[PDB]
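Comments concern the structure below.
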Amino acid sequence: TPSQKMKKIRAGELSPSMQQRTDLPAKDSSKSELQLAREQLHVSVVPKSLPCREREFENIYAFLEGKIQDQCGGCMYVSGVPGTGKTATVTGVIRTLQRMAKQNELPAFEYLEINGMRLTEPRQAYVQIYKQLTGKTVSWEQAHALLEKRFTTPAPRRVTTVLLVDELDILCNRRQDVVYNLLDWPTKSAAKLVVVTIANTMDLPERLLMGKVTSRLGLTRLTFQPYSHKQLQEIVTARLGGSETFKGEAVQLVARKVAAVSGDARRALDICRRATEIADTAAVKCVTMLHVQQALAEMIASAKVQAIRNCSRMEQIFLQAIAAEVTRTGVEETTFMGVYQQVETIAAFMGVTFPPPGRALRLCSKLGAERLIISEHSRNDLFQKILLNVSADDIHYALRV
Amino acid sequence: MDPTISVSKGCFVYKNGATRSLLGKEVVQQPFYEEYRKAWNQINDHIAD
Amino acid sequence: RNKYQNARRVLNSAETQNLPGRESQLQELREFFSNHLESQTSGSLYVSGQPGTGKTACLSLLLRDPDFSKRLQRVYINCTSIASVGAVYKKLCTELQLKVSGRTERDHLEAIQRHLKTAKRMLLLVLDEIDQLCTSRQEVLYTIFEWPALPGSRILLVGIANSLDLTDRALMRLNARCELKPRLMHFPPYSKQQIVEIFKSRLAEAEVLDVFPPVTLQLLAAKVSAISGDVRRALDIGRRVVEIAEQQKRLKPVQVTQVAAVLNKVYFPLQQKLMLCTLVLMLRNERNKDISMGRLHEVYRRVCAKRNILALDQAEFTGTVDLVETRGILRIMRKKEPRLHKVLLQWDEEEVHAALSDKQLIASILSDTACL
Amino acid sequence: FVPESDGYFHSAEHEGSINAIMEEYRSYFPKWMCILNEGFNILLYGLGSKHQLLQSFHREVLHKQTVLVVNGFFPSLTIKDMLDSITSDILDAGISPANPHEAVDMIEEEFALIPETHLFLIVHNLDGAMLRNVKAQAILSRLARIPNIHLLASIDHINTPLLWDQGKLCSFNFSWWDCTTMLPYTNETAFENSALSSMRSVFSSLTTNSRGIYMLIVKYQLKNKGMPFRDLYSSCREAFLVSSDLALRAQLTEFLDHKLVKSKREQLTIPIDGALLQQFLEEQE
DNA sequence: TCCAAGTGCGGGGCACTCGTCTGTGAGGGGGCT
DNA sequence: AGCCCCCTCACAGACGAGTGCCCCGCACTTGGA
Ligand SMILES: Nc1ncnc2c1ncn2[C@@H]1O[C@H](COP(=O)(O)OP(=O)(O)OP(=O)(O)O)[C@@H](O)[C@H]1O
Ligand SMILES: Nc1ncnc2c1ncn2[C@@H]1O[C@H](COP(=O)(O)OP(=O)(O)OP(=O)(O)O)[C@@H](O)[C@H]1O
Ligand SMILES: [Mg+2]
Ligand SMILES: [Mg+2]
């Protein structure tokens with residue numbers, strides 16, 4: 001029935017369960033060593049200690065241990081490009097502090113976590129924090145009133161509550177009241193809140209936050225620099241372990257090619273899994289240089305020349321005429337009329353006759369759906385605008401060679 | 001300037017028993033009002049017809 | 001435990017009792033409240049100042065005095081905690097324990113207007129961050145700032161804000177009546193000696209005077225009061241110096257070098273280097289500053305073809321430019337199609353030359369002008 | 001009064017007489033009641049401010065009947081406010097619908113059921129700030145057509161009947177009276193519909209780095225008699241005034257918001273002359 | 001055992017808002033018979 | 001000797017994303033029946 005199900009879901013009294021498999025999952029003994037290297041190279045498996053992220057670990061651990069042992073509250077801002085060990089280091093610090101608070105080495109605390117990119121509006125942050133405090137789902141105004149009753153009023157013995165805020169830039173709106181309320185509660189004396197906000201841009205407090213919000217946010221920042229060529233090899237060689245499945249030059253080429261594009265760790269840990277999946281189909285047990293080069297070609301893909309090679313004849317004539325019209329009239333944004341005139345000239349040259357514009361609009365729509373050109377709606381025929389989305393040298397490389 | 005004119009409201013309600021002739025007994029019993037009403041009713045019915 | 005953690009705990013950037021810098025502004029506020037309690041008339045007040053100068057500290061030190069607590073009924077309302085701009089009246093009833101029929105804001109407004117005429121005590125209303133109450137036509141702010149002109153009322157209200165000219169831009173109609181203009185008060189930014197006195201109060205309150213000699217405090221105040229002037233950043237840097245010196249040294253007092261390092265601290269992949277090189281080349285060798293993503297990609301492809309470097313596709317080039325955008329070097333103006341996004345360099349070329357640190361490469365790209 | 005076309009093509013005792021004028025206008029009120037009883041409306045078109053005359057007519061005559069005073073000179077009133085007031089505050093029937101003509105149909109349907117409940121409404125400045133569209137005049141003409149609603153109104157502008165067609169002029173059953181007082185427009189002009197000192201006052205509130213940046217802009221403006229962003233950026237980085245680009249951009253954003261710098265794409269011109277800027281520059285020596 | 005209407009709250013229609021963009025009417029500047 | 005013809009520049013209009021606000025449906029629901 002709807003009524004008791006909603007009243008038991010909103011109160012947090014039934015377990016949100018998920019269905020179970022009929023067949024029991026496979027064994028570790030039934031997995032080969034290449035399969036073991038494929039499961040140990042997953043992005044989901046975080047290690048118990050992160051290689052090449054030690055200085056930031058000691059920085060956040062010293063900050064959070066000071067803020068917990070002082071019982072005062074505060075704010076931190078860490079930032080960096082995606083894939084550089086931010087959330088993993090922060091939850092490793094928090095797991096270390098929880099294990100230290102289990103052994104009576106540290107005063108105990110609560111750990112709340114929210115993510116801005118799983119909230120529908122920022123005010124639902126108030127619904128989620130309270131859901132990690134009691135367990136009951138309420139509206140956002142009642143949850144905000146109860147959080148303001150909890151934090152601003154003194155009530156010993158109050159325990160410290162560390163609030164982690166992932167993806168801060170989604171909680172920023174036109175009014176900026178949610179981020180102001182989150183960064184304002186540590187500034188009170190009765191609330192022992194230690195908030196650590198994680199973001200991608202280094203200049204988030206100056207670009208879009210107001211003056212009082214970047215004044216409350218503080219100046220104890222932290223920056224996670226991207227991975228270099230040497231650390232991104234150490235990550236993969238610590239993931240694989242002592243197995244001889246990956247050669248040294250394979251991991252070196254993977255780290256050198258990934259660390260020159262972005263510095264992401266997820267890119268290397270997915271390229272190595274794709275190389276393992278390639279070497280599984282070659283009936284081998286080792287990952288040589290060839291499988292790594294094939295996986296590098298497949299993952300970092302560039303298929304806007306094969307798409308021009310695999311078009312029809314009239315679409316290649318159409319692309320040649322758009323390139324020739326761009327060459328003739330200088331400016332890149334062309335009209336369909338001059339494109340069709342150069343189509344007629346090129347088709348008179350090659351000998352093959354061209355369809356009327358009632359089919360040339362279909363060719364232009366087919367190139368626009370494939371995103372080889374950028375074109376408008378076809379309701380204004382013979383006057384629609386055409387941008388060339390592929391480079392003018394890609395057409396000459398795809399048709400001459 | 002006056003307490004009637006404000007800087008927030010634009011309309012002012014003075015509702016006295018509203019639910020969901022302006023002249024009293026002084027003018028209606030006078031003969032000129034009856035002859036005016038009779039002549040106007042006659043002329044209005046004639047033009048409507 | 002020791003004195004470093006004691007200084008770190010006693011700075012703490014939170015609410016205090018003794019305000020050694022605001023000695024005349026508090027006297028002015030007390031004289032305002034005494035002259036409006038003595039003659040039993042109503043009046044507005046508008047305090048404004050830069051974030052971090054001590055507005056809420058003064059108006060929370062006054063709201064906890066016992067004589068004003070026994071003479072008037074005080075209400076503090078923060079204007080960022082409300083749901084919408086038109087709902088603040090409802091919060092007034094929650095702050096006054098009134099009885100309304102409910103479920104509409106007009107009955108809340110009439111209940112406040114009935115309570116203001118028949119009150120037994122003078123009502124002080126503090127509205128913090130009143131710039132959240134600004135809207136298009138501003139019926140709520142003009143309704144709130146009109147209650148001193150109400151007949152038989154006794155409400156006096158203080159609005160706290162950051163804008164110097166909020167009441168002259170968004171409250172223009174109140175200039176048309178000399179009774180209704182709120183009296184101004186601008187909290188000035190802190191000087192160097194006032195920040196030094198704030199540090200001398202906060203350190204000698206807990207007898208942690210030995211960790212800070214006056215030379216580092218003079219240098220810290222002379223930088224902070226010149227750059228921004230607020231005391232939140234001053235206390236944050238004064239706490240960060242101790243938080244760095246405790247980890248570095250481990251009593252040893254701090255020197256000028258540590259505070260200088262902290263103040264000058266607070267105040268690349270290959271394809272991203274190549275993208276920055278071609279952008280600096282296109283901004284040198286071309287007058288108009290409209291650079292799209294497709295034109296930059298077509299120059300970058302020729303630059304990579306001359307250097308025998310494997311160029312990227314457009315779909316990866318856009319992600320590369322979006323990852324250089326996070327550092328703050330660029331800014332992307334958004335259009336309908338991803339070929340048309342405008343890339344604006346927001347640094348100087350010497351800053352890019354200092355940041356790249358690849359001088360034999362970046363001097364070779366800018367001399368290779370044949371690709372443009 | 002007959003205007004000529006040629007001008008378009010070639011291009012104390014005063015108070016006693018004013019009180020006598022006001023008493024002679026106050027003698028008209030039972031005649032106005034007898035005119036308003038017979039279906040007409042009242043329109044005043046004089047020179048002086050007719051606020052006190054309509055207030056005196058409301059006080060001395062209609063001190064018992066239902067009255068909706070509408071300040072049309074208010075610069076931020078809406079038709080939705082007036083129609084919601086008639087719907088919910090007089091008739092007590094909830095809020096009016098958002099489309100206003102359906103609200104006028106609702107008001108007509110609820111006023112057809114209750115005879116001898118006469119609602120008066122006194123529109124000061126029928127041609128006010130937010131009553132100059134044709135839709136508001138159409139709604140007011142539909143409201144004044146009902147045999148229960150009576151209308152008094154003031155007219156001040158000279159181009160007012162340009163937006164009354166014959167339908168809106170036969171709906172408005174006007175009776176044009178000339179109540180020309182000589183009182184000044186003290187209430188209609190006080191609303192929002194009608195430098196150097198601010199520069200000194202804002203400049204006395206800035207910090208020292210903002211003083212250095214603004215004095216650099218003032219020095220460039222008085223030297224070259226608008227400066228680009230890169231010259232100001234180099235002149236501020238040479239004197240250690242800014243840390244990076246976003247600090248100077250936030251300072252210039254605060255300058256644009258406090259109205260001291262005019263930025264046009266990014267040239268920065270201070271919108272004053274050279275003499276006041278020269279005396280302002282020697283004021284800081 | 002149920003229930004009539006307040007009511008609390010989410011959702012969609014709408015209206016403003018900031019930025020871009022382009023005609024353009026008349027004030028302004030250069031020549032005229 | 002006032003007049004004839006281009007320049008141009010901030011209003012007029014559009015427009016387009018886009019974002020917040022207010023009416024409206026609608027289950028809750030509850031003290032009562
Ligand atoms: N130094 C490292 N050692 C081992 N594994 C790592 C390291 N850095 C990253 N990883 C792996 O890469 C993934 C990166 O996740 P991470 O927590 O860094 O995401 P994130 O940076 O928070 O993402 P976003 O910035 O988009 O929120 C983790 O699952 C982890 O397994
Ligand atoms: N004169 C002073 N002496 C000691 N401490 C001060 C003084 N002035 C301000 N502070 C400290 O600065 C902190 C912040 O000041 P406050 O919150 O009053 O600024 P604010 O004007 O409210 O900021 P915002 O405008 O951003 O709301 C307070 O916690 C207070 O401890
Ligand atoms: Mg994360
Ligand atoms: Mg404050």
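Following the order of the structure tokens, first chain is A, next is B, and so on, with residues numbered from 1 inside each chain and ligands from 1 in the order they appear.
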
Practice item. Counting only C-alpha atoms, collect the residues of chain A whose closest atom lies at most 12 Å from chain D, and write them out as JSON, numbers by chain. Key: {"A": [202, 203, 204, 205, 206, 207, 208, 209, 210, 211]}

Exercise for review: List all protein, DNA and RNA residues that have an atom no more than 8 Å from any atom of ligand 2, counting only C-alpha atoms (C1' of nucleotides) and all ligand atoms, and report them as a PyMOL selection string.
Suggested key: (chain A and resi 187-188+211-213+215-216) or (chain C and resi 12-16+18-22+49-58+128-129+160-162+194+198-199+201-202+230-232)

May I have the residues from that selection written out with N, CA, C and O atoms, as a short mmCIF file (atom, residue, chain, number, x, y, z; two decimals), in the first residue's frame?
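Output file again37.cif follows:
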data_model
loop_
_atom_site.label_atom_id
_atom_site.label_comp_id
_atom_site.auth_asym_id
_atom_site.auth_seq_id
_atom_site.Cartn_x
_atom_site.Cartn_y
_atom_site.Cartn_z
N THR A 187 31.68 29.70 11.91
CA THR A 187 32.09 30.97 12.50
C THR A 187 31.40 31.26 13.83
O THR A 187 31.70 32.29 14.45
N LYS A 188 30.48 30.41 14.27
CA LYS A 188 29.88 30.55 15.58
C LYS A 188 30.63 29.69 16.59
O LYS A 188 31.30 28.71 16.24
N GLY A 211 31.63 38.59 -1.70
CA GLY A 211 32.74 39.04 -0.88
C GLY A 211 32.73 38.46 0.53
O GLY A 211 33.78 38.08 1.06
N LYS A 212 31.55 38.38 1.14
CA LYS A 212 31.46 37.81 2.48
C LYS A 212 31.69 36.31 2.47
O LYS A 212 32.22 35.76 3.43
N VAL A 213 31.34 35.63 1.36
CA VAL A 213 31.55 34.19 1.29
C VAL A 213 33.03 33.86 1.11
O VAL A 213 33.54 32.93 1.75
N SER A 215 35.33 35.83 2.16
CA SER A 215 35.94 36.22 3.42
C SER A 215 35.78 35.13 4.47
O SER A 215 36.70 34.87 5.25
N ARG A 216 34.61 34.49 4.51
CA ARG A 216 34.38 33.40 5.45
C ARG A 216 35.10 32.12 5.05
O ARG A 216 35.36 31.28 5.91
N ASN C 12 41.18 32.00 16.43
CA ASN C 12 39.92 31.27 16.25
C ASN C 12 38.79 31.97 15.48
O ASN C 12 37.82 31.30 15.11
N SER C 13 38.91 33.28 15.20
CA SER C 13 38.04 34.04 14.28
C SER C 13 36.54 33.92 14.59
O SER C 13 35.71 33.89 13.68
N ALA C 14 36.18 33.87 15.87
CA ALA C 14 34.78 33.75 16.26
C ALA C 14 34.41 34.87 17.24
O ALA C 14 35.16 35.82 17.44
N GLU C 15 33.22 34.74 17.84
CA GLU C 15 32.62 35.82 18.61
C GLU C 15 33.36 36.05 19.92
O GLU C 15 33.77 35.11 20.60
N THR C 16 33.53 37.33 20.27
CA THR C 16 34.28 37.76 21.45
C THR C 16 33.40 38.63 22.35
O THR C 16 32.19 38.78 22.14
N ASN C 18 35.36 41.61 24.27
CA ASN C 18 36.07 42.88 24.27
C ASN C 18 36.46 43.26 22.85
O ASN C 18 37.11 42.47 22.15
N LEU C 19 36.05 44.45 22.42
CA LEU C 19 36.33 44.97 21.08
C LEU C 19 37.25 46.18 21.20
O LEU C 19 36.77 47.31 21.39
N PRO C 20 38.57 45.99 21.12
CA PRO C 20 39.49 47.12 21.33
C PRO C 20 39.57 48.09 20.17
O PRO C 20 40.10 49.19 20.36
N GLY C 21 39.08 47.73 18.98
CA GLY C 21 39.15 48.65 17.86
C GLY C 21 37.93 49.54 17.73
O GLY C 21 38.05 50.71 17.34
N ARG C 22 36.75 49.02 18.04
CA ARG C 22 35.50 49.76 17.93
C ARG C 22 35.19 50.41 19.27
O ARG C 22 34.43 49.89 20.09
N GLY C 49 29.41 48.40 5.77
CA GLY C 49 30.86 48.29 5.78
C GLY C 49 31.33 47.02 5.10
O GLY C 49 30.56 46.10 4.84
N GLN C 50 32.63 47.01 4.82
CA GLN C 50 33.27 45.89 4.15
C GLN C 50 33.19 44.62 5.01
O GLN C 50 33.13 44.70 6.24
N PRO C 51 33.13 43.44 4.38
CA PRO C 51 33.00 42.19 5.14
C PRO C 51 34.23 41.90 5.98
O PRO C 51 35.32 41.68 5.44
N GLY C 52 34.06 41.89 7.29
CA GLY C 52 35.13 41.61 8.22
C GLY C 52 35.54 42.77 9.11
O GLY C 52 36.62 42.71 9.70
N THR C 53 34.71 43.81 9.23
CA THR C 53 35.10 45.01 9.95
C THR C 53 34.46 45.15 11.33
O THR C 53 34.88 46.02 12.10
N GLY C 54 33.47 44.34 11.66
CA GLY C 54 32.97 44.32 13.03
C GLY C 54 31.56 44.85 13.24
O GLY C 54 31.27 45.39 14.30
N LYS C 55 30.69 44.69 12.24
CA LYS C 55 29.31 45.16 12.38
C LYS C 55 28.49 44.25 13.27
O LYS C 55 27.86 44.70 14.23
N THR C 56 28.51 42.94 12.97
CA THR C 56 27.76 41.96 13.75
C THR C 56 28.34 41.82 15.16
O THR C 56 27.60 41.55 16.11
N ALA C 57 29.65 42.08 15.33
CA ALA C 57 30.25 42.01 16.65
C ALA C 57 29.76 43.14 17.55
O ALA C 57 29.42 42.90 18.72
N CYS C 58 29.69 44.36 17.02
CA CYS C 58 29.14 45.48 17.79
C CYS C 58 27.65 45.28 18.07
O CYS C 58 27.19 45.45 19.21
N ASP C 128 20.17 41.52 9.73
CA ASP C 128 21.52 41.29 9.25
C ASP C 128 21.49 40.82 7.81
O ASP C 128 20.63 40.00 7.44
N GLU C 129 22.44 41.31 7.02
CA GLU C 129 22.55 41.08 5.57
C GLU C 129 21.25 41.42 4.85
O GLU C 129 20.58 40.56 4.27
N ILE C 160 21.96 45.92 8.64
CA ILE C 160 23.40 45.70 8.47
C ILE C 160 23.64 45.30 7.02
O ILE C 160 22.99 44.39 6.50
N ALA C 161 24.60 45.96 6.36
CA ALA C 161 24.86 45.64 4.96
C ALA C 161 26.30 46.00 4.59
O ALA C 161 27.03 46.65 5.34
N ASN C 162 26.68 45.55 3.39
CA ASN C 162 28.01 45.81 2.86
C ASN C 162 28.04 46.98 1.89
O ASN C 162 29.08 47.66 1.79
N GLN C 194 45.20 49.36 14.51
CA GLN C 194 44.01 48.72 15.07
C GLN C 194 44.10 47.20 14.96
O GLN C 194 43.66 46.50 15.88
N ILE C 198 44.21 44.64 18.07
CA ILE C 198 43.37 43.44 18.11
C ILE C 198 44.21 42.21 18.42
O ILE C 198 43.83 41.36 19.23
N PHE C 199 45.40 42.13 17.81
CA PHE C 199 46.31 41.03 18.12
C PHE C 199 46.84 41.11 19.55
O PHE C 199 46.97 40.08 20.22
N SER C 201 45.24 42.33 22.07
CA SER C 201 44.18 41.90 22.97
C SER C 201 44.00 40.39 22.94
O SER C 201 43.92 39.74 23.99
N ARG C 202 43.95 39.81 21.73
CA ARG C 202 43.68 38.38 21.58
C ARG C 202 44.82 37.52 22.10
O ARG C 202 44.58 36.40 22.57
N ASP C 230 40.30 43.82 6.32
CA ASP C 230 39.43 43.14 7.25
C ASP C 230 40.23 42.27 8.22
O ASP C 230 41.37 41.89 7.95
N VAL C 231 39.62 41.97 9.36
CA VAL C 231 40.33 41.30 10.45
C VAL C 231 40.19 39.78 10.39
O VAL C 231 40.95 39.07 11.06
N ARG C 232 39.26 39.27 9.57
CA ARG C 232 39.15 37.82 9.38
C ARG C 232 40.39 37.25 8.70
O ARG C 232 40.93 36.23 9.13
#

At most 9 Å is the cut-off: for each residue in chain D with any atom that close to an atom of chain C, write down the nearest atom pair and the distance in Å rounded to one decimal, counting only C-alpha atoms, chain first then increasing number, as CSV.
residue,atom,partner,partner_atom,distance
D:76,CA,C:137,CA,6.6
D:190,CA,C:176,CA,5.7
D:191,CA,C:173,CA,5.7
D:192,CA,C:173,CA,6.2
D:202,CA,C:164,CA,8.0
D:205,CA,C:188,CA,6.6
D:206,CA,C:189,CA,8.1
D:207,CA,C:226,CA,6.6
D:208,CA,C:226,CA,5.8
D:209,CA,C:227,CA,6.3
D:210,CA,C:227,CA,8.8
D:230,CA,C:348,CA,7.7
D:233,CA,C:348,CA,8.6
D:234,CA,C:348,CA,8.8
D:241,CA,C:227,CA,8.0
D:242,CA,C:227,CA,8.3
D:243,CA,C:267,CA,6.0
D:244,CA,C:347,CA,8.4
D:245,CA,C:347,CA,6.7
D:246,CA,C:346,CA,8.9
D:258,CA,C:165,CA,7.7

Keeping N, CA and C atoms, export the residues of the selection given above as a PDB file, in the first residue's frame.
ATOM      1  N   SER D  76       5.102  52.011  -8.798  1.00  0.00           N
ATOM      2  CA  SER D  76       5.260  50.561  -8.807  1.00  0.00           C
ATOM      3  C   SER D  76       3.956  49.862  -8.443  1.00  0.00           C
ATOM      4  N   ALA D 190       7.237  63.428  -5.976  1.00  0.00           N
ATOM      5  CA  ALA D 190       8.196  62.983  -4.975  1.00  0.00           C
ATOM      6  C   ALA D 190       8.638  61.538  -5.164  1.00  0.00           C
ATOM      7  N   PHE D 191       7.973  60.776  -6.026  1.00  0.00           N
ATOM      8  CA  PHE D 191       8.312  59.376  -6.216  1.00  0.00           C
ATOM      9  C   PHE D 191       9.465  59.236  -7.210  1.00  0.00           C
ATOM     10  N   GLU D 192       9.797  57.990  -7.547  1.00  0.00           N
ATOM     11  CA  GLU D 192      10.982  57.687  -8.343  1.00  0.00           C
ATOM     12  C   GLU D 192      10.806  57.964  -9.832  1.00  0.00           C
ATOM     13  N   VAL D 202      32.995  58.172  -1.732  1.00  0.00           N
ATOM     14  CA  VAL D 202      33.356  56.775  -1.959  1.00  0.00           C
ATOM     15  C   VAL D 202      34.867  56.591  -1.832  1.00  0.00           C
ATOM     16  N   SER D 205      36.281  55.939   1.541  1.00  0.00           N
ATOM     17  CA  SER D 205      35.931  54.648   2.117  1.00  0.00           C
ATOM     18  C   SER D 205      36.776  53.499   1.584  1.00  0.00           C
ATOM     19  N   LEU D 206      37.546  53.715   0.523  1.00  0.00           N
ATOM     20  CA  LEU D 206      38.357  52.658  -0.055  1.00  0.00           C
ATOM     21  C   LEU D 206      39.648  52.468   0.737  1.00  0.00           C
ATOM     22  N   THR D 207      40.306  51.337   0.491  1.00  0.00           N
ATOM     23  CA  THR D 207      41.584  51.034   1.121  1.00  0.00           C
ATOM     24  C   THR D 207      42.706  51.732   0.352  1.00  0.00           C
ATOM     25  N   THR D 208      43.956  51.475   0.741  1.00  0.00           N
ATOM     26  CA  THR D 208      45.078  52.179   0.130  1.00  0.00           C
ATOM     27  C   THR D 208      45.432  51.630  -1.247  1.00  0.00           C
ATOM     28  N   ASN D 209      45.215  50.334  -1.480  1.00  0.00           N
ATOM     29  CA  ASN D 209      45.494  49.772  -2.797  1.00  0.00           C
ATOM     30  C   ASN D 209      44.461  50.230  -3.817  1.00  0.00           C
ATOM     31  N   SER D 210      43.202  50.365  -3.393  1.00  0.00           N
ATOM     32  CA  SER D 210      42.186  50.942  -4.266  1.00  0.00           C
ATOM     33  C   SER D 210      42.457  52.414  -4.529  1.00  0.00           C
ATOM     34  N   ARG D 230      45.622  46.410 -20.027  1.00  0.00           N
ATOM     35  CA  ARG D 230      46.982  45.893 -19.893  1.00  0.00           C
ATOM     36  C   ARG D 230      47.938  46.950 -19.353  1.00  0.00           C
ATOM     37  N   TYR D 233      47.209  47.136 -15.750  1.00  0.00           N
ATOM     38  CA  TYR D 233      47.683  45.902 -15.130  1.00  0.00           C
ATOM     39  C   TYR D 233      49.192  45.936 -14.910  1.00  0.00           C
ATOM     40  N   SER D 234      49.940  46.465 -15.882  1.00  0.00           N
ATOM     41  CA  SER D 234      51.385  46.594 -15.713  1.00  0.00           C
ATOM     42  C   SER D 234      51.734  47.688 -14.709  1.00  0.00           C
ATOM     43  N   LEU D 241      50.675  46.660  -6.304  1.00  0.00           N
ATOM     44  CA  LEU D 241      49.325  46.981  -5.863  1.00  0.00           C
ATOM     45  C   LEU D 241      48.381  45.789  -5.933  1.00  0.00           C
ATOM     46  N   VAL D 242      48.593  44.869  -6.876  1.00  0.00           N
ATOM     47  CA  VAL D 242      47.731  43.708  -7.041  1.00  0.00           C
ATOM     48  C   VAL D 242      48.587  42.451  -7.044  1.00  0.00           C
ATOM     49  N   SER D 243      47.944  41.327  -6.730  1.00  0.00           N
ATOM     50  CA  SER D 243      48.607  40.030  -6.702  1.00  0.00           C
ATOM     51  C   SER D 243      48.484  39.303  -8.037  1.00  0.00           C
ATOM     52  N   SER D 244      47.296  39.316  -8.626  1.00  0.00           N
ATOM     53  CA  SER D 244      47.038  38.626  -9.882  1.00  0.00           C
ATOM     54  C   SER D 244      45.989  39.424 -10.648  1.00  0.00           C
ATOM     55  N   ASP D 245      45.398  38.803 -11.669  1.00  0.00           N
ATOM     56  CA  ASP D 245      44.436  39.503 -12.508  1.00  0.00           C
ATOM     57  C   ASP D 245      43.079  39.652 -11.834  1.00  0.00           C
ATOM     58  N   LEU D 246      42.674  38.663 -11.034  1.00  0.00           N
ATOM     59  CA  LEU D 246      41.327  38.666 -10.476  1.00  0.00           C
ATOM     60  C   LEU D 246      41.176  39.685  -9.356  1.00  0.00           C
ATOM     61  N   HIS D 258      29.997  50.956  -7.850  1.00  0.00           N
ATOM     62  CA  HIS D 258      29.867  52.198  -7.099  1.00  0.00           C
ATOM     63  C   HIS D 258      29.866  53.433  -7.992  1.00  0.00           C
TER      64      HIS D 258
END

Check your understanding: Taking only C-alpha atoms into account, which residues of chain B are within 12 Å of chain C, as a PyMOL selection string?
Key -> chain B and resi 1-10

Exercise for review: Please identify all polymer residues within 10 Å of residue 269 of chain A, counting only C-alpha atoms (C1' of nucleotides), omitting same-chain residues fewer than 2 positions from it, and present them as a ChimeraX atom specification.
Suggested key: /A:38,40-43,232,235-236,239,254-255,258,264-267,271-274

Exercise for review: Would you mind listing what lies within 6 Å of segment 285-295 of chain A as number ranges by chain, with only C-alpha atoms (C1' of nucleotides) counted and same-chain residues fewer than 3 positions away left out?
Suggested key: A: 245-246, 250, 274-275, 298-299

Point to revise | Spatial neighbours of residue 98 of chain D, max dist 9 Å, only C-alpha atoms (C1' of nucleotides), sep filter under 3 positions, as a PyMOL selection string | key: (chain D and resi 80+95+101-103) or (chain F and resi 23)

**Study point:** Contact set, chain E to chain C: 10 Å, only C-alpha atoms (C1' of nucleotides), as a ChimeraX atom specification
**Key:** /E:6-8,16

Keeping C-alpha atoms (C1' of nucleotides), export the residues of the selection given above as a short mmCIF file (atom, residue, chain, number, x, y, z; two decimals), in the first residue's frame.
data_model
loop_
_atom_site.label_atom_id
_atom_site.label_comp_id
_atom_site.auth_asym_id
_atom_site.auth_seq_id
_atom_site.Cartn_x
_atom_site.Cartn_y
_atom_site.Cartn_z
"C1'" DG E 6 -7.38 22.95 5.27
"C1'" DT E 7 -2.76 22.51 4.06
"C1'" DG E 8 1.96 21.53 3.01
"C1'" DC E 16 12.26 39.13 -15.63
#

Can you tell me which residues sit at most 7 Å away from ligand 3, counting only C-alpha atoms (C1' of nucleotides) and all ligand atoms, written as a compact mmCIF listing (two decimals) with N, CA, C and O atoms, in the first residue's frame?
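Saved result, part_23.txt, follows:
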# COMPACT_ATOMS: atom_id res chain seq x y z
N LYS A 86 41.91 13.63 -4.80
CA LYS A 86 41.37 14.57 -3.81
C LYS A 86 40.45 13.87 -2.82
O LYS A 86 40.73 13.84 -1.62
N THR A 87 39.36 13.28 -3.33
CA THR A 87 38.38 12.64 -2.47
C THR A 87 38.94 11.39 -1.81
O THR A 87 38.61 11.10 -0.65
N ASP A 166 31.60 17.81 -1.30
CA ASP A 166 32.14 17.61 -2.64
C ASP A 166 31.33 18.41 -3.65
O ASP A 166 30.12 18.57 -3.50

**Study point:** Non-local contacts of residue 13 of chain B (12 Å; only C-alpha atoms (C1' of nucleotides); under 3 positions in same chain excluded) as a ChimeraX atom specification
**Key:** /B:4,9-10,16-18 /D:65-71,81-91,119-122

**Study point:** Which of segment 38-122 of chain C fall in alpha helix (DSSP H), as a ChimeraX atom specification
**Key:** /C:38,55-61,66-71,88-96,105-117

Practice item. Check which residues fall inside 10 Å of ligand 1 when counting only C-alpha atoms (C1' of nucleotides) and all ligand atoms, and print them as a ChimeraX atom specification. Key: /A:41-54,79-92,115,117,166-167,198-201,224,226-227,231-232,234-236,238-239,264-270

Check your understanding: Skipping near chain neighbours, those fewer than 3 positions away, what residues fall within 12 Å of residue 30 of chain F using only C-alpha atoms (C1' of nucleotides), listed as a PyMOL selection string?
Key -> (chain E and resi 2-7) or (chain F and resi 33)
